[PDB]
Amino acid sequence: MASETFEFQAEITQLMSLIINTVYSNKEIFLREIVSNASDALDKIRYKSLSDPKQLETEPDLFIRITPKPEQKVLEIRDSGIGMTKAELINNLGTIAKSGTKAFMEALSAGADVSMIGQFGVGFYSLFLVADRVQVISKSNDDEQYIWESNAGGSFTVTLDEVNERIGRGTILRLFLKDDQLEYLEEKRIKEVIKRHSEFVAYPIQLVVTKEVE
């Protein structure tokens, strides 16, 4: 299964190391951005389903699910939202200019809290506060399952997915956490971050935890 490679729009590349190369204190904000994005994609499929009810049948349950994979130093965040086709992944996650990218960077220079990233419509890129590599695994009703992958350099890849679990519909954000941000694999830390910043979310937030039988 052959990967295709794409270049990021210049300012997005600039943003990603303005982010991956911050001191910044309040790195936990990366999870509120993901949950907020997940909730929007779930909004979209629900809104779409108003006039096309069958769109929901590929995955009738509407949820956000967080799954630590400590052996792999990975945190996953799944939603059963609208998903992205191959062309959406390429268009929406890097090739096309985002309206607020340059404005956000300008605001950051002037002293804005990184927390405002969401208000500039580029909150997706905050994942690079905690992760040096990411896969977005996504299944839209309108396409096959694909994997988009980035290590914050100037190119990303998109590959037809023949290696991951089948998602009915929606997206898995798969974060390869930095060796110093491994706290985010912990059940108590996750819970704490969710209650602080994601209080008004209309969908269940599920946490998957593994325990030894004693």
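Residue numbers run from 1 along the displayed sequence.
In this entry, 102-110 has the higher mean Cα B-factor, the comparison being between 81-89 and 102-110. The PDB entry records a higher mean C-alpha B factor for 93-101 than for its counterpart among 93-101 and 71-79. When the C-alpha B factors of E162, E149, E33, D179 are read from the deposited coordinates, the top value falls at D179. When the CA B factors of the chain's modelled residues are split into thirds, the value for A2 lands in the highest one.
Looking at the C-alpha B-factors along this chain, the one for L207 belongs to the lowest third.
When the CA B factors of the chain's modelled residues are split into thirds, the value for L50 lands in the middle one. Looking at the C-alpha B-factors along this chain, the one for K44 belongs to the middle third.
Annotation for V158: C-alpha temperature factor in the lowest third relative to the rest of the modelled chain, per the entry.
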